[PDB]
Amino acid sequence: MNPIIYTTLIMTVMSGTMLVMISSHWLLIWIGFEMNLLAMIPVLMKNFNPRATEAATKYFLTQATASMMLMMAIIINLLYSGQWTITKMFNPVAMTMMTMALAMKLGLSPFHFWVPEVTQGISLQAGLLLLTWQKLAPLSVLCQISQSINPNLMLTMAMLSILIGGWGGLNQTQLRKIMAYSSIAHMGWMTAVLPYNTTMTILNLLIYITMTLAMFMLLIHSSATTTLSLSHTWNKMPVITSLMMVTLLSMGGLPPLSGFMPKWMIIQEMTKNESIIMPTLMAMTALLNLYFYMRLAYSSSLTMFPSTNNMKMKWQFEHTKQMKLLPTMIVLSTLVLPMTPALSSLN
Amino acid sequence: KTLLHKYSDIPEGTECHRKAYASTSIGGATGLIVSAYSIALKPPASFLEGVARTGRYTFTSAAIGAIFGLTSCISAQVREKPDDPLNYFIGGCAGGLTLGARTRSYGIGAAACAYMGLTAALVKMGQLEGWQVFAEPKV
Amino acid sequence: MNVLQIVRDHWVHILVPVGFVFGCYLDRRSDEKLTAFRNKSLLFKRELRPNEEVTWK
Amino acid sequence: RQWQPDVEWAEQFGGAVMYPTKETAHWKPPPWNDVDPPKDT
Amino acid sequence: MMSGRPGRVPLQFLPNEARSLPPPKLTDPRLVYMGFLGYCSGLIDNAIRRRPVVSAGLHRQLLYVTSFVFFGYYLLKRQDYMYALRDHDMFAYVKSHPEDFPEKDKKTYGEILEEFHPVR
Amino acid sequence: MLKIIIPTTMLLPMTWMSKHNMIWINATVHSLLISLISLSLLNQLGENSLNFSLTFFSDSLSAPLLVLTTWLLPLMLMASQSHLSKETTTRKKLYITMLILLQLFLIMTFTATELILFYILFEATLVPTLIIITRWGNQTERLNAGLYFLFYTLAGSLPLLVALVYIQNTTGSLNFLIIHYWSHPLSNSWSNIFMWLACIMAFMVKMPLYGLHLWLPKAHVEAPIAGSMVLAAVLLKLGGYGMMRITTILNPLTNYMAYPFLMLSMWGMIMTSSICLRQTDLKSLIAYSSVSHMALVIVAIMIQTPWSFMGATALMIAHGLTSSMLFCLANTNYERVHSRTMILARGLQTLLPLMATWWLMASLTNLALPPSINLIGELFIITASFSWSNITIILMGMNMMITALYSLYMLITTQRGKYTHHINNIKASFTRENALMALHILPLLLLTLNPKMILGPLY
Amino acid sequence: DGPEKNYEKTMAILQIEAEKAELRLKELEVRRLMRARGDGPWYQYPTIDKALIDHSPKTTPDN
Amino acid sequence: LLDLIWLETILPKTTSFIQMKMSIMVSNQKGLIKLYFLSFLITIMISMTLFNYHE
Amino acid sequence: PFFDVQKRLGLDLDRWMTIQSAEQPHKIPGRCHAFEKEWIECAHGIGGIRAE
Amino acid sequence: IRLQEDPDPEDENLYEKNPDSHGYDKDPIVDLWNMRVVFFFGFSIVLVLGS
């Protein structure tokens, strides 16, 4: 693509997301989702292989279906209230339609099937954008309409997301599919506390985006998309694999790392609401994510896999480009737990 | 919820036929849902193969429900203990044993006896003590 | 002899001692914000000696 | 010396999935460069 | 909770009523940890970029440190103001609703009968 | 506690900034200096605790544990520097960094005034421990050992996290002092029963309780020597210390909730002592013996008497020292014959006389020979159990008999008999190894002169 | 130092820890009441701003 | 019997086996748009029916 | 809005179409203008919880 | 060859080059000083003065 055209398409994706987050009118929110999808489709097809084309097609189908359901929910809400302002929904079935549409856009468990395939089918930069920036708009809408969501529907979808992200990621040797299933589990963690405290959702989203940015930038730095290709990285740049190991430990929520903060805060906020069984289930289920994170860490940094003879060529060469803000992303994703009370700034 | 309401409102250890019917209905409904998802995501090679898979899943789940209900209610009325989680534990283990019979495997049967019995005992405890699975927001 | 090498090589030997003194000083400051009951307990409180103004620090 | 993974250990993770069953026997690892060859013209 | 609070003007990191609280001290332990985070970021930047991690680019590590401390000071102010607001609203609500917060009648352990459980 | 914590933190910059060949010297010197400083925490008060700040405090329970940790670090360093001689400078510094991080986490864990802070610090110990085991262990089995240790601990710990935040929401505080002074009796209900289980199971799996112990043989066997030292000496004691702290909110529910655990540990001490009689791996035998002593500690904590708590404290200290000594003694033979099989190298007393003497001392302490503090702890727990129920004397006497049998059996098979004919590489004991055993054994015997220093706050 | 200092410092520690426990319970209660009743500064969810209503004379009189 | 076999079988081995089986059931998918959207129809219908959400 | 840029910058980006009692072209009235006006004037500034 | 791998090396005897080896370091001077600092700070200070 033309660098100017790619910059414009990226800016249009972000501007659709911003239109979603700054509008008080449902039509403009729908417009923002539309603009985001329109600009997003070409960045998925940037490399243009049949895998990229299929990933873009599946993404388009799911997002367009969700957008039509969202518009139908808006129209039912208007039919019963005459209201365009994004606020509590005045109709229950419109609320159900909207919740399902937003979950399908996010990729929650009953609508999760697109996330692994699309993430695998696109490049690591496209996947980084897909699993970080594309979560903002639906989650912001959900935080705005949280006072009218059905807690049972939302909590069901979140628990299923955690379970499926844990189980699906257990079987993966592809790094992009592992990232997608980790993303499903983390979206479940975000959406479980959404009925109770949207500040916890924002906190968890920020921590997850930091970890995902760090991990995807480490993968791009490594040029690895399979677990065996990553197993060669120690023999080229062991610093990258050790940083990746501490980041994976953070993703598993191991104290004293930054990834433990969202789980701990969400468990506390849930127990404040007489919710004890669900947090226990969620914390226990996250051990699956931690298991395949630990498998990746074993294959990458904690042990040394066989290398190749052609790796001696790569030793005499440096990186042409350097990932921006990667050291900051790594420090933020691992070391920020002592700063937890600053979460009140998100209030 | 009416499917669960009709099971819940009839007291424990009484009218064992009605409670068995309600648990059978819950089992059949759940098996129908799992059959729907299985048919959707792992389609058969023919309509009759799908009908057979649906009936197999549905009968397994309905038999688990009927067995759990019969054993739980009868052990409650026989011992005069309708608030004891032990009747629900016996029900869960009998459900695990009939699931093992349906899969015709002793290992699945034993593991399912343990797991489903403990689960049903926990459910009885949560009913008695007002535990919430989805707690409505308050604070 | 060779003072430059000795002070450029064994300078790390000051780190743990001075960390110990800094820990002692930080322990000192922690007590300064825990004096809401100095000379006020029902057990220990007493009148100050004529030039005395506090009972511990 | 310390045991380190060899080829037989590495190839547990080089498959299509992590737990090979019969329903994934036909699955192959995807292309190295993510591109599939063009079909019949 | 705090989204629809009255007077809460949009996109305002510190409101003007925050200037009534004491600003955080310069040697604040949290601010020093912010600076430490910046220093670790500089070290990791040297490591990833394949430079000597301790002695390469002292201006860059220094800038990491000062920018981290700069953001941390304002973050600390906003956090402290949010907690001050929380306490302010809690005390106002307890005051306006005395019936919800009764004055509990205090009793001594000499008149309170606590059950003794033997360990034996 | 900052006069202890900050010097330990300063070990990291000093380690990373020291010459490649001054690494072990510098770390050993300054960790011994920190251990000297930690001894001043043994000046305790009869009634109150040493409440330094809002976030750290010390009492007679945690001070001996802190001293044990700060003492273990230098011995670790002496044990490690042999098998890590061929490693790179950066990797040696990383190993030292892991050990320092573990010590710092343990120090803050034993002094944390708040329950959630204790939880985070006690969970933080997993990370350097897991790194040590899986990166610097010797066998392919270290990976599975790491997974077992990690997931056993976490399956225990997460329900504890839920219970702790629930307790904070209902009681208002997790502060240890507030928790003690505002103690409410725990009623008999399923809610409280499961709160008890959540509060107890993490420490149960950490000790470990018999039946939840299968991670320990793997982890203590596959780990490098320093890892085994810490895992046996200080990491097991986290469960006992935490159980002693948290049982103050579990009464009178502990009266009947402890019956399954009392039965499990009372019979599993017999079971694991019997397992030691047939272990063909020396390191595995030493690992399996930790389960029996920790079962005794479990019983002592579960019966909740002053004598039981005194015995449990003394037993934890004595077991830490003795188990680390035994692991080091096995490692010295492993570094010669490159195998953990016990009947591989026999008749070692006629080749390594002073090392055979060290072996005899270690076996005698594992025997709980009086007046060692091992015996003091075991006897106090036995007396408290006898008061709890007289029939406990059958099982505990059986256990001390079997313990004698397997300890002396290990001594006889490794040290006595005829040397192996084809093993011609048993070099003379280095000054470093003899000093390691001496620094294990001398403070153990000196504690007999002042036993109240390890008898806990109920003395 | 003398026993007095540890005694007094324990007293101050206990005082502020007890006040923090009390404040935490009170905050939880205030939160529950505010979320249930909507008469506090918290949980104020937006309603339409009434300055958006046009009160000008319309084309028809009955509106 | 106890340590190497049944204590292994009860907690860690059976749990690991269950997780592996669930992983196989969840992860192995045909990759077909058609089946995914049919399952979506099932989920949408269930949310508007017995799962009491729209009511 | 999640980020009320309009109320910070004083801009009316989409609030003009948000209700039918807002200003209309040629002052054409909404069919439920009085009803919406009364509900809005009741519910103004007391929060959604109270207004419900 | 099944892969290009180095053969397992033989363990080095600290006594072979240093009969006076204390077992701390292959270099005799740092080995001697490691022994000295270990013994002094452990026995002379922490054990005797600590006790």
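The order of the peptides B:9-20, A:49-60 by mean Cβ neighbours within 10 Å, most packed first, is A:49-60, B:9-20. Take the Cα of C:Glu32, go 7 Å toward its beta carbon, and the backbone nitrogen atoms of segment E:22-36 under 14 Å from that spot belong to E:25-29.
Across the protein assembly as shown, the convex hull enclosing all Cα atoms gives 234 Å³ per residue. Using the Cβ-Cβ distance between C:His13 and A:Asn2 with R0 set to 56 Å, the FRET efficiency works out to roughly 0.40. Note on F:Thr90, D:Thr41: ascending count of other Cβ atoms within 10 Å places them as D:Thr41, F:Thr90, the fewest first. Calculated on the alpha-carbon coordinates, the convex hull of chain A measures out at 130 cubic angstrom per residue. Taken residue by residue and averaged, Cβ atoms of other chains lying within 10 Å of the Cβ of A:302-310 number 5. In this rough spin-label picture, where each label sits 7 Å from Cα along the Cβ direction, the C:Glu47-E:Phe71 distance is 6.0 nm.
Taking only the alpha-carbon atoms of segment F:118-175, what semi-axes of the equivalent ellipsoid follow from 5 times the gyration tensor eigenvalues under a square root, in whole Å, largest first?
31, 11, 4
With all pairs of different C-alpha atoms in the average, the Kirkwood value for the hydrodynamic radius of chain F is 22.2 Å. Modelled this way, with points 7 Å down the Cα-to-C-beta line, the labels at J:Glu16 and A:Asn310 are 4.0 nm from one another. Backbone N atoms of segment F:319-339 closer than 19 Å to the 7 Å Cα→Cβ label point of F:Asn425 belong to residues F:330-339. The residues neighbouring A:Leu131, those whose beta-carbon lies less than 14 Å from its own, together hold a net charge of +3 under the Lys/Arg +1, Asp/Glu -1 convention.
Per residue of F:5-18, other chain Cβ atoms within 10 Å of the residue Cβ number 5 on average.
The mean number of partner chain beta-carbon atoms within 10 angstrom of a residue's beta-carbon across peptide E:42-49 is 6.
For the peptides D:1-9, F:254-262, A:98-106, the ranking by packing is A:98-106, F:254-262, D:1-9, with the highest mean count of neighbouring Cβ atoms within 10 Å listed first.
Between the alpha-carbon centers of segment F:384-453 and segment A:68-108, tell me the distance in whole angstrom. So the separation of the two Cα centres works out to 72 Å. For segment B:1-106, the Kirkwood hydrodynamic radius comes to 14.5 Å, computed from all pairs of different C-alpha atoms.
Each of C:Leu15, C:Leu4, C:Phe37 was placed along the dipole of segment C:2-57 (beta-carbon charges, centred on the mean Cα), and the one lying farthest toward the positive end is C:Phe37. Each label point was placed 7 Å from the Cα along the Cα-to-Cβ direction; for G:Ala36 and F:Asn251 their separation is 3.5 nm. What whole-number distance in Å separates the alpha-carbon centres of segment E:1-68 and segment C:1-45? Taking the Cα centre of each part, segment E:1-68 and segment C:1-45 sit 27 Å apart. Charge tally around F:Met269: other residues with Cβ under 15 Å, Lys/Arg +1 each, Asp/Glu -1 each, net -2. The orientation-averaged projection of the convex hull spanning the C-alpha atoms of chain E amounts to 17.1 square nanometres.
Taking amide H atoms as placed 1.01 Å from N in the peptide plane, the amide H of F:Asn175 lies under 5 Å from those of F:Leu115, each 5 or more residues away in sequence or on another chain. Counting every alpha-carbon pair across segment C:2-57, the share separated by more than 13 Å comes to 73%. Spatial offset of segment F:219-295 relative to chain D amounts to 42 Å, using the alpha carbon center of each.
Taking the Cα centre of the protein assembly as shown as reference, the dipole from Cβ charges on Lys and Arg (+1) and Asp and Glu (-1) amounts to some 1680 debye.
Methodologically, a virtual Cβ is constructed for each residue, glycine included, from the backbone with ideal geometry; neighbour enumeration extends over all protein chains shown. Where a number appears in this text, it was derived from the coordinates with a stated rule and is not lab data.
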